[PDB]
Every structure is written in C-alpha cells, then in structure tokens.
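J.: Below is one structure. I have some questions about it.
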Amino acid sequence: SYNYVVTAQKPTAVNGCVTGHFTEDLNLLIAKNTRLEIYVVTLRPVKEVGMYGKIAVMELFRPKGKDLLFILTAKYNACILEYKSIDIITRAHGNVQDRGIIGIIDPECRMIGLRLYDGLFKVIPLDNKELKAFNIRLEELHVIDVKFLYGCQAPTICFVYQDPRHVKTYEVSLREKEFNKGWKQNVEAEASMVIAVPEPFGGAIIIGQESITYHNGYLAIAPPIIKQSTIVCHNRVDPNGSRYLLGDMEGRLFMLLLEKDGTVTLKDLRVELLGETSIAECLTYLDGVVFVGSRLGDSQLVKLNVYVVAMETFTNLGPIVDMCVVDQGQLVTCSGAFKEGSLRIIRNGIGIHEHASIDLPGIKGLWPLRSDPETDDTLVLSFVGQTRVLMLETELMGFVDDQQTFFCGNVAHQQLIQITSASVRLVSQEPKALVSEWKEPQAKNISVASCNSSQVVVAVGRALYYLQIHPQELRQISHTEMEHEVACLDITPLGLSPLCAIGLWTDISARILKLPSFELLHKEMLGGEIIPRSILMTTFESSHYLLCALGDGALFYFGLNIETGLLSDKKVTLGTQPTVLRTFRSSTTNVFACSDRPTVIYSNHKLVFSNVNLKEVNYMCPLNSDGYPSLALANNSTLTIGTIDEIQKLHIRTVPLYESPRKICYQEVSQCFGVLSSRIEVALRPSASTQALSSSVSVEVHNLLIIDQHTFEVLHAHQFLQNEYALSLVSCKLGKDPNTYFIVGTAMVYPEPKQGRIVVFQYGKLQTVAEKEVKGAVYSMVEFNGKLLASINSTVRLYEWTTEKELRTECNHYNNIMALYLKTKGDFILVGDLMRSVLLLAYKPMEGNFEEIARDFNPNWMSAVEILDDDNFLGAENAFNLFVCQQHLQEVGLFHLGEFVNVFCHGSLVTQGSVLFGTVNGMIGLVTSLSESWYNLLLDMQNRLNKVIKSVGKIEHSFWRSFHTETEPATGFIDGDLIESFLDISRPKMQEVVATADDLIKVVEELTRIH
C-alpha cells in the first residue's frame, strides 16, 4: 500500500458547544470532531484549531487565579488549554486510558470526573501537570448521566442508574480516593438527563420521557407537552438557574421555568413550548440569541422573542448516508435525517452569474465611476492608445480618449481623476472640467501609476512622483529616483497611506517605502529574472499583507506591519499568464487574481485561494450600478458583467426532502436520480414522498423517489409495502434487454429479516417490471457484466435476466455471516462482511459458479469497502480506521481516520486513482495511490513536520494515526492534511523541515490540485 488521504470537506456536524470567557469576551466554543472553533459573541470567528483526536469532552472552568479549557479525546488524551499572534498553550496534558464518555468538572474546580467505563469513575484532582488520575469503583454498573452538584462542602456527584432507574448521590473524597454517602431516590423508567441546579436552589433536575423532577434532599411535574418526543439536550439561560432551554428529537424548543429565613427554595416548575429549531445535538443561550448545534441537520442562530426566529443557518452535510459523482464533476449526497433530510450538490470553485456580455476585444484595463455626486453609473475602459467611456457608450468631459488610461476614478473634494501615459488630469464634478494637470518636467511619458482618493504616485522610468489631490489642485509633494526601472506600484491606505509598495525591474525586488520621504523601510529580493507585474497592499480580517504577482504566474505574499514596513513570511502559483490583482468586496475584502486560472484570494486567519469558474479573465473591477448591483470582467474579446457566488472553496446547493434519504443512484438516460427515503408516520408533515408529481404504491414508510437532475423536483414517488424497508438501489441495463431500470432490494421488517424482495422498475411514472421474493434482507446490489449480483443475508447471489423479463438465479456463495457491502471489477467481487472483514470472489464464466480467491482473516466490523485496483482493496470499519488488503488477504495499509465512512466512490471534483468518501460527520475525503518514491519522500516529510509542528493537545501525530480497535502504528498511508499544512507554517520552520523549501512547495502545490 502506498496510499494518500486528504480532507476535501472538514467535518460539519456539531458534537459539542459551550459558552464562557476563554479569549470580558463572551465566547462560543464548538467541537466538530477533530475541529475546535472559537467565536466571540457580538458570532465573530477568532480561531479554529485541529486536534490530533476526536473531541469527546469539552469543558471551560476557572481555577482560583480567564477560563481554562479542558479537552478529552476518544483515545483518552487529556489536556488543559489556555488562550494567549494567537496561541493555544498546553497547561497540562496526559493520557488517562485504563488497561458513552462523560466528563464533568466540580463547580469549585477541585477535580475532573470521568465516566469512561462501566463500574469505574476516574478522578483527576486539580499541580498535576501530567493529569494523573485515580479510579473509584462504582457498584452501580449502568450509569445513564452524571453531574457534580453546586451547594456542597465536599465534591458531590449526582447520577441516574439502571438496574433490574434510580437517582443516587456520592461525596468524592480525595483523602480517601473513594466515595462517601452523598440524599437518594426509584424514579422514572426513562429518566436520562441530570441537571445540577446552581445556587440559590442547589439540587438536581431529572429529565425523563413524560416527566421532570427536582430534588434537594417531590417536586415532580408530568406535562403532556413533552411525551411526544425525547428531550435530548438542555441549557441554562439565567445564572440563577431560573430558566432552562430544552430540545427534543423533533426540533421542538422548550423553556423550563423554576419558581423561586433567608434562603430560596423551589416552589414550582413549568414547561413552555417556544417553537421549532433544527434537531439539536446541543443548545447554548448566548444573549435572546441561541446557538443550535446540529448533528442531523444544519446548525443555527435563532432569536427568542417576547416565538422562535432563525437568524443564520450553518451548513451541515452530515450524516452523508450515500452519494454519487455526476457530471466536469459534481457530488450529490444523501444528507441529514428525519425532518432535516436533504440532497446536497457539491461542486468545486466559484461561479459567475453573468447578467451582460458585450463583444469588445483588446481591453487593457477597467475602472468603475460615479459621474453624479452613490452608485457607479460609468465604466471606463482602456485599449492600446485609447480610452472609451460607457454609461450605465458616451464621453466624459475632462477626460482624454486618445491616450491609454492607466487609472481613473472618484477622488477627494468631489473630483474625478484620469491618469494616462501623458499626464494626471483632475476633473471637477459640477460642472465637469479640467481643473488641474500634472506633467513630468520634460513631458516624459508616465509608465506606471497608482492612486487612492487623496494620493497619486506615478513612475516615469526610474523616477517616482508623489502627488496629493487638493480641491482644485494636484500638488507635487515629493519625488525620487529608484535604482532600477519601476515595474508596479501600490498605495492602498491600510484614507491616506504612509506607505508606498513598489516592484522593480532588474533586481526583481518588492520594496516598502515611506511617504512623503520615499525612505526604504524594506527590500525583498524575489528571485529569478521575471518582473513583478502587480503589487497590492491589503487587509484581510484585521491583518495586513503584501501581495506580489510575477509575470510567470507566481504569487508571493507576506505579512506586513503598517508602522514598521516589515515584510515577513509564502508563494503559490496561479496560472501561467501574468496575474493582475484587484480588490473587491462581498461583507468582506477579497482580491481577484486575473489570469488563465482566475482565482479569488481571501482569508481562516490564513490566506485561502479558490478557483473562479471561468476560462480566462485579464482585468476586472467591482461595479455597484442601479442596473447591475456586481463585477465587470474582461477577456481577450468580451466585457462581462455579473454576480459572483459566495467566496468559499466548495459550492453547496441544498434540496430539502423533509424525510430521510437513504440511497441515491443516477440514471443518465432518464436525466434523473433515483433516491430511497423513509418517513416516520404516526404523517407528521409533508415531505418529498408525499409531494411528488405522480405517485404509486405498493412507523417507518419507505419510498423510491425519482428526482429531476436539473431542477431537483420530485417527479415521482413509489411507496413500498407496510413493513417493507428499502435497502439497496441500482440503475442499470441487464442481459440482452435494451431498457434501463431502477432496481430495489428490500427487507420485510418485523418486531434479522427472513423475507425481502428484488423489484425491477422502469421510469412520467414508475412501472413495476418484475419481482423476486427472497428469504432475507437484500442488503446490497450491483450490476455485474449485464447480470445482477445481490447480497441476501449471508448469501451472495448472481441473477441472470431472461428473455421473458424475469430474474433467474445462476450461482450462490454461502460463506458469509452477513454480506453488507459489494464492489465489482471485471470478474472480481469485493464482499464486506458485518464482522469478518473482506472477501475476494471470482465469477467463473465457463463453469457458472463463484470461486473464493482470498479472504482477510482479521475480524473487522465493516462500514464500507472499495476496489482501488485489481490487487488492492480498501476497507473502512466501525472504530474509525481505514485499511488496505492485498488465499489470505494481507493487510498492507492501516490508518486511523477519525471519521465513520458510509460510502466510497470512484471520482473527482477536479497520483493514480481517486476515491472520495462520505462520513457521519459530513466530512468528505479522498484516497489516492502513490509510487514507492513519492511515498518515501512524503513519509520522511511527515516525520520532519511532526518534529517541527506544535500540536494543541501535545498529542503525537503517530499516536493519533495509529490503527486502533479493542492498536498498531499506521503503515502505507500518508496523512495528506499533515502534508498540505507545510504551506501554512512559518518560513524558518519550512527551512527547518527542508534539510529546497521552494522545491517542496512545488511538490505540495501539485498534491493540493487533486481536490
């Protein structure tokens, strides 16, 4: 195995959210598996980090003498973190494994408690910088939930447990490393949630189905409101504990209100229906704003009024239950569940919604303009030795038309400016006339020009002049003579700039000069013999950069200090043609990189680059007209005006189904998708399967949806039989038959299945062409050399399709526990078992039977399988690991991925081969192959990167990537994510890794192009 794995889409499902004071600031922290996102509540993003672990626990807490952050991963890495140029420093770390997960922190910060295993409670006393823990044995072996109580002299836990449900308390003594007698209580049969109520109340609230109880050493309520659905999350609104939000498995939002000598006791409890949200994994009141963190659908900000109003939606692709690639190249996912169910159509790059196109060749520059003293109404265009003005063709008074314009626009004191190769022209507004004209003393040609609203700097060979724009006056402030010819200039004020950026011929430097002086603050030799073509100073977020494009397509960029002029730190290649850089706004600042590979540059806290979906753009400008409210773009022959999609790497389109999609397959001849779905009927709401144009027949109700490939309209829905679950889908032709079918495999499911069907359909409507009753669940189906291969419990069967439109068994394979997965290549079949890993079959065409070629004898609970090639078989299993196999299958590659894979398919949104995969967390990845020689180089690089990069938990990358079920170093796999991070680290760290730095940049740049 020489395989390489990389993230195409980071995980999007929310697994945890908390509020606190981590960075006076109110923070939202969010866990998305391997990512921790940190926001300031205004949500202003501040920092995202990747951990080398799956986040299991995430708790903020303030010891005596800002909140610190405790994290635990699913591999039991424990750390205490501090936010401190942003750093997350590790205050304490250690591994707390013993030879789901619940983590809780005492309110007086005396200790951390962990429920990792039945029958043990692990305590980390809070200086143990190594986070040494001890175990206490708990006699109650099945703990449902546990919390630390608030009003207590000794640290006291309160928990629900199940035995042949009860609430008990214990004191946790650090002297005795043991429990003490804590009040106790039998409680509701489905009590599943403990809430420690703060002072003045103290005590605990217990959430069941149908029941809510408070205890402090009766009181209970049983509101009919809450029995219809299970409450899955709760959140404290007031510090008092007087109000709590609660969320259900249907997205209903409740408030729970506590009615309050000289103490305060609980008088009563009330529950009130607030409204509907996405199905919440977590809830955090911000301030009446609530963050709804979702696993099964999109997350949200909602407003609570004096009842719920959604402010913002955040894309969650998870769970990705199935997907396919269709043309080019686009990914269509079965996404989410229940009322959140959807299709997502995922495409690389940024699109342009073109609103006007004009036949105009030779455009050599482009400027927007306001002729009326707030919207642009004019577009000025440049040509070789010429200028033309467009109204939104016209003529502007004051402007020349028989010289080339180098810059023009709106300037200080209600004026316009035009700079040409001959002079700088200042033009009044009311009316329009030449009010000032600057020329070089000997009337030599202006060669390069830059301009803001107040300042002008122009070059004349090696000479620079700094002008200021005054009421009816171009005032020459200063000048100088550069050492080489000036190549490019910028004076973007980061509205008066104390700085000039320049690029020179001959020495190929980028310089930062002071204004008015022209003192050098910084020189950078850029290397080579190609000149800088564009140069630009820019603010992204609240950070300042120099950007500098060469004539060959290379782009250098640097952090920049306004006060110092210092350039620090990176190269990237964007096209082969010279890049022209232009700023535009879309909310935020962005730079358009005009070339044969057009590109937006944006900001992470790190410059990102995303392909614009045009063939070529030579020049562009932003355009806020009344008619085109936008961008203007110019190639060799057209002037385009349009809108641009959101600035982001993946464009995602959502088709809501309002029920659960399960399988998808494309049918090219029909120009449609077939999609299996199920809805819960009690029908709860309208959903895709109840809203089709046509429908046919013949708790969970399953359907086959026919969905238009262009509009994504539900054209037809076929309902299955009562108690019939649809499990497998194929679109194919069979035998000599020229027709293309949707074929479905089912299971009749009664309170494993012993009955099922295979149904052949043809698509305005869906006719049933053939059925075949079978003696089990039809878990998997795949077309196989014009025959139908099917898995039915522990049987793998091959059917032929006869002249009389029936399926007829040809052969069977029996040596499985449960054949869940099937992939095919040529005459070879890859079988994934429920518990016995992977099996390689061969159809023997001359004998009409199967032959087992090889088997992997390691038990593996499979989630998905793929054939990488004739001799290499990929597996994903239930403990988040990938493996590759080659009469024994040898396990030659092993990798801890950290995600649960539901689907693999061959394809690309743009090494040998390309398999994308979809995940429970909505992460999308890619697996590809390498030569021994690329592997060896990149393994070595991985090892060097690991020695140089600081990991946030102080977790070892080798540990994190170790194959682990109920452990072994990763082998034959490159962590592509680690590799790509080489482009983000500092210049000296890059040099530290390298013992050229720029030669590895070219290697990693090539690797980023595969997705």
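By order of appearance in the structure tokens: chains A, B, ..., then residues from 1 within every chain, and ligands from 1 in the order shown.
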Give me every strand (DSSP E or B) residue in range 365-540 of chain A, going by DSSP on the backbone, as a ChimeraX atom specification.

T.: /A:365-369,378-383,386-391,394,405-411,415-420,424-428,434-438,448-451,455-460,463-470,473-481,486-490,499-504,509-514,520-525,532-540

J.: Write a file of the just-selected residues containing C-alpha atoms, as a compact mmCIF listing (two decimals), in the first residue's frame.

T.:
```
# COMPACT_ATOMS: atom_id res chain seq x y z
CA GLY A 365 -7.84 47.90 -18.17
CA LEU A 366 -11.18 48.59 -16.48
CA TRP A 367 -12.50 51.23 -13.93
CA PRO A 368 -15.84 52.00 -12.25
CA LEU A 369 -17.01 55.56 -11.76
CA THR A 378 -19.96 54.66 -15.61
CA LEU A 379 -17.50 52.07 -16.74
CA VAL A 380 -14.25 53.44 -18.20
CA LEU A 381 -12.28 51.06 -20.44
CA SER A 382 -8.76 51.09 -21.74
CA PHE A 383 -7.33 49.93 -25.08
CA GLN A 386 -7.21 54.77 -26.44
CA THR A 387 -9.93 55.15 -23.80
CA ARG A 388 -13.70 54.68 -24.07
CA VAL A 389 -16.36 55.63 -21.52
CA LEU A 390 -19.57 53.61 -21.01
CA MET A 391 -22.73 54.97 -19.36
CA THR A 394 -20.54 58.15 -24.02
CA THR A 405 -5.83 55.33 -19.29
CA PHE A 406 -3.69 53.78 -16.54
CA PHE A 407 -6.11 54.58 -13.73
CA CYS A 408 -9.26 56.67 -13.32
CA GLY A 409 -11.90 57.21 -10.60
CA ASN A 410 -13.53 59.24 -7.82
CA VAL A 411 -11.25 61.31 -5.64
CA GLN A 415 -13.50 65.33 -8.21
CA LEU A 416 -12.51 62.75 -10.78
CA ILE A 417 -9.02 61.75 -11.88
CA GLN A 418 -7.66 60.29 -15.08
CA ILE A 419 -4.03 59.25 -15.29
CA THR A 420 -2.78 58.40 -18.78
CA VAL A 424 -2.53 63.22 -14.47
CA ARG A 425 -5.90 65.01 -15.00
CA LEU A 426 -8.00 66.43 -12.16
CA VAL A 427 -11.62 66.96 -13.19
CA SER A 428 -14.30 68.88 -11.21
CA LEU A 434 -10.07 70.12 -16.31
CA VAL A 435 -9.18 71.88 -13.01
CA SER A 436 -5.53 70.60 -12.69
CA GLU A 437 -3.00 68.77 -14.90
CA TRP A 438 0.34 67.34 -13.74
CA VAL A 448 3.22 53.10 -14.05
CA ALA A 449 0.55 54.79 -11.94
CA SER A 450 -1.26 54.26 -8.62
CA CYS A 451 -3.97 56.22 -6.93
CA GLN A 455 -2.77 60.43 -3.20
CA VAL A 456 -1.11 59.74 -6.50
CA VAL A 457 2.20 58.06 -7.14
CA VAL A 458 3.33 57.64 -10.71
CA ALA A 459 6.55 56.35 -12.26
CA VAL A 460 8.46 57.76 -15.17
CA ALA A 463 11.58 58.31 -11.31
CA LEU A 464 8.68 58.36 -8.79
CA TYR A 465 6.44 61.36 -8.02
CA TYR A 466 4.10 61.69 -5.06
CA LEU A 467 1.15 63.99 -5.72
CA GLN A 468 -1.66 64.96 -3.41
CA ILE A 469 -5.20 65.62 -4.57
CA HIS A 470 -6.40 69.04 -3.33
CA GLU A 473 -5.01 71.17 -7.31
CA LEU A 474 -2.65 68.31 -7.96
CA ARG A 475 0.09 69.22 -5.51
CA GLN A 476 3.54 67.70 -6.15
CA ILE A 477 4.71 66.79 -2.66
CA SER A 478 7.90 64.76 -3.30
CA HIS A 479 9.84 62.67 -5.82
CA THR A 480 12.88 60.41 -6.11
CA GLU A 481 14.93 58.29 -8.47
CA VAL A 486 9.74 50.72 -11.75
CA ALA A 487 7.60 47.66 -12.63
CA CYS A 488 4.46 48.12 -10.48
CA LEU A 489 3.12 50.36 -7.66
CA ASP A 490 0.51 50.36 -4.88
CA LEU A 499 3.40 53.70 2.65
CA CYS A 500 4.25 53.04 -0.94
CA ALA A 501 4.70 49.43 -2.28
CA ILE A 502 6.85 49.06 -5.40
CA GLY A 503 8.22 46.30 -7.64
CA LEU A 504 11.38 46.83 -9.70
CA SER A 509 12.60 43.34 -5.64
CA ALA A 510 9.43 44.29 -3.76
CA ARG A 511 10.00 47.38 -1.60
CA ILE A 512 8.12 49.23 1.11
CA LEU A 513 8.87 52.96 1.03
CA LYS A 514 7.68 55.74 3.37
CA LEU A 520 13.24 52.40 2.17
CA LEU A 521 11.59 50.51 5.02
CA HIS A 522 12.09 47.06 3.43
CA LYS A 523 13.53 45.34 0.37
CA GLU A 524 12.75 41.76 -0.63
CA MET A 525 14.70 40.03 -3.35
CA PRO A 532 6.62 41.79 -10.66
CA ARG A 533 3.55 42.64 -12.69
CA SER A 534 1.02 43.59 -10.00
CA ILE A 535 1.60 44.58 -6.37
CA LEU A 536 -1.03 45.30 -3.78
CA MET A 537 -1.32 46.09 -0.06
CA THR A 538 -4.42 44.61 1.56
CA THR A 539 -6.23 43.92 4.87
CA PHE A 540 -7.83 40.52 5.37
```

J.: Which neighbours of residue 589 in chain A fall inside 12 Å, counting only C-alpha atoms, when residues of the same chain fewer than 6 positions from it are skipped, and could you give them as a PyMOL selection string?

T.: chain A and resi 537-544+582-583+600-603+607+622+647

J.: Which residues come within 7 Å of residue 55 in chain A, counting only C-alpha atoms, excluding same-chain residues fewer than 4 positions away, as a list in words?

T.: residues 31, 33, 34, 71, 72, 73 and 74 of chain A

J.: How about saving the chosen residues, C-alpha atoms kept, as a JSON list (two decimals), in the first residue's frame?

T.:
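Result saved to again21.json:
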```json
[["chain", "number", "residue", "atom", "x", "y", "z"],
["A", 31, "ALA", "CA", -16.45, 20.92, 18.63],
["A", 33, "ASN", "CA", -14.99, 16.11, 15.85],
["A", 34, "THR", "CA", -11.35, 17.00, 15.16],
["A", 71, "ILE", "CA", -10.44, 18.64, 26.44],
["A", 72, "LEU", "CA", -10.64, 14.83, 26.32],
["A", 73, "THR", "CA", -10.34, 12.84, 23.06],
["A", 74, "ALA", "CA", -11.85, 9.37, 22.21]]
```

J.: What is the distance, in Å and to one decimal place, between CA of residue 845 in chain A and CA of residue 741 in chain A?

T.: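 Interatomic distance, CA of residue 845 in chain A to CA of residue 741 in chain A: 24.1 Å.
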
J.: Enter the distance from CA of residue 162 in chain A to CA of residue 139 in chain A, in Å, rounded to one decimal.

T.: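 Between CA of residue 162 in chain A and CA of residue 139 in chain A the gap works out to 11.5 Å.
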
J.: Which residue is closest to residue 138 in chain A? Choose from A:110, A:151, A:178, A:206 and count only C-alpha atoms.

T.: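 Of the candidates, the smallest distance to residue 138 in chain A is held by A:178.
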
J.: Just want the 12 Å neighbourhood of residue 812 in chain A, counted on only C-alpha atoms, with same-chain residues fewer than 3 positions away dropped. Output as a ChimeraX atom specification.

T.: /A:789-799,808-809,815-816,841-844,848-852

J.: With N, CA, C and O atoms retained, write the just-selected residues as a compact mmCIF listing (two decimals), in the first residue's frame.

T.:
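Done, and the output landed in selection.txt:
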```txt
# COMPACT_ATOMS: atom_id res chain seq x y z
N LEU A 789 -25.89 -8.94 -9.32
CA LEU A 789 -25.31 -9.51 -8.14
C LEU A 789 -26.03 -8.90 -6.92
O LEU A 789 -26.25 -7.68 -6.87
N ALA A 790 -26.40 -9.76 -5.96
CA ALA A 790 -27.19 -9.35 -4.80
C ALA A 790 -26.74 -10.04 -3.54
O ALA A 790 -26.39 -11.23 -3.56
N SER A 791 -26.69 -9.30 -2.43
CA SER A 791 -26.44 -9.94 -1.14
C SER A 791 -27.72 -10.01 -0.35
O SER A 791 -28.50 -9.07 -0.31
N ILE A 792 -27.96 -11.19 0.21
CA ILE A 792 -29.22 -11.56 0.86
C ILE A 792 -28.83 -12.33 2.10
O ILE A 792 -28.55 -13.53 2.04
N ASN A 793 -28.74 -11.60 3.21
CA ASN A 793 -28.29 -12.12 4.48
C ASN A 793 -26.84 -12.56 4.38
O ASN A 793 -25.98 -11.72 4.17
N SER A 794 -26.59 -13.87 4.50
CA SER A 794 -25.24 -14.44 4.41
C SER A 794 -24.93 -15.01 3.01
O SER A 794 -23.87 -15.61 2.79
N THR A 795 -25.86 -14.81 2.09
CA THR A 795 -25.74 -15.30 0.72
C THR A 795 -25.36 -14.15 -0.24
O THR A 795 -25.89 -13.05 -0.15
N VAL A 796 -24.42 -14.44 -1.14
CA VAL A 796 -24.17 -13.63 -2.32
C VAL A 796 -24.67 -14.38 -3.55
O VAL A 796 -24.16 -15.45 -3.87
N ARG A 797 -25.68 -13.82 -4.22
CA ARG A 797 -26.32 -14.46 -5.37
C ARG A 797 -26.14 -13.63 -6.63
O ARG A 797 -26.15 -12.40 -6.58
N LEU A 798 -25.98 -14.35 -7.74
CA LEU A 798 -25.97 -13.79 -9.07
C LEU A 798 -27.18 -14.25 -9.82
O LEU A 798 -27.42 -15.45 -9.93
N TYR A 799 -27.93 -13.29 -10.35
CA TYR A 799 -29.10 -13.49 -11.21
C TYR A 799 -28.79 -13.15 -12.64
O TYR A 799 -28.09 -12.18 -12.90
N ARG A 808 -33.39 -14.93 -12.71
CA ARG A 808 -33.23 -16.35 -12.52
C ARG A 808 -31.84 -16.58 -11.92
O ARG A 808 -30.85 -16.16 -12.49
N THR A 809 -31.79 -17.21 -10.76
CA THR A 809 -30.53 -17.45 -10.05
C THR A 809 -29.58 -18.22 -10.94
O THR A 809 -30.00 -19.15 -11.60
N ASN A 815 -20.54 -18.67 2.29
CA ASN A 815 -19.54 -18.48 3.37
C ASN A 815 -19.41 -17.04 3.91
O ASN A 815 -18.30 -16.49 3.96
N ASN A 816 -20.54 -16.46 4.31
CA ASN A 816 -20.59 -15.15 4.99
C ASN A 816 -21.46 -15.22 6.25
O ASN A 816 -22.32 -16.09 6.37
N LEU A 841 -14.07 -12.53 -4.25
CA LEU A 841 -14.69 -13.59 -5.06
C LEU A 841 -14.31 -13.48 -6.54
O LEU A 841 -13.89 -12.43 -7.00
N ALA A 842 -14.44 -14.58 -7.27
CA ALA A 842 -14.31 -14.53 -8.72
C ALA A 842 -15.46 -15.30 -9.34
O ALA A 842 -15.74 -16.42 -8.93
N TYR A 843 -16.16 -14.67 -10.29
CA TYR A 843 -17.12 -15.41 -11.10
C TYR A 843 -16.37 -16.23 -12.16
O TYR A 843 -15.55 -15.69 -12.92
N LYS A 844 -16.63 -17.54 -12.18
CA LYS A 844 -16.03 -18.42 -13.19
C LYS A 844 -17.03 -18.64 -14.34
O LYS A 844 -17.91 -19.50 -14.24
N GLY A 848 -20.01 -21.27 -14.43
CA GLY A 848 -21.26 -20.73 -13.92
C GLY A 848 -21.33 -20.69 -12.40
O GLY A 848 -22.42 -20.76 -11.84
N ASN A 849 -20.17 -20.62 -11.75
CA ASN A 849 -20.12 -20.55 -10.29
C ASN A 849 -19.10 -19.55 -9.74
O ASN A 849 -18.33 -18.94 -10.50
N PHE A 850 -19.13 -19.34 -8.43
CA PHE A 850 -18.18 -18.48 -7.75
C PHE A 850 -17.00 -19.30 -7.28
O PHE A 850 -17.13 -20.49 -6.99
N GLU A 851 -15.85 -18.64 -7.20
CA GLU A 851 -14.70 -19.20 -6.52
C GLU A 851 -14.15 -18.14 -5.56
O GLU A 851 -13.98 -16.98 -5.94
N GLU A 852 -13.90 -18.54 -4.31
CA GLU A 852 -13.31 -17.62 -3.36
C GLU A 852 -11.87 -17.55 -3.70
O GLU A 852 -11.18 -18.57 -3.67
```

J.: Could you list, as a ChimeraX atom specification, every residue within 10 Å of residue 112 in chain A, counting only C-alpha atoms and ignoring same-chain residues fewer than 4 positions away?

T.: /A:59,70,103-107,122-126,131,133,148

J.: Can you work out which one of A:164, A:922, A:969, A:598 has the shortest atom-to-atom distance to residue 633 in chain A, counting only C-alpha atoms?

T.: A:598

J.: Taking only C-alpha atoms into account, name the residue in A:909, A:566, A:264, A:220 that is nearest to residue 925 in chain A.

T.: A:909

J.: In Å, with one decimal, what is the gap from CA of residue 805 in chain A to CA of residue 771 in chain A?

T.: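 Separation of CA of residue 805 in chain A and CA of residue 771 in chain A: 9.8 Å.
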
J.: Residues near residue 212 in chain A, anyone? I mean within 9 Å using only C-alpha atoms, not counting same-chain ones fewer than 4 positions away, as number ranges by chain.

T.: A: 188, 191, 205-208, 219-223, 269
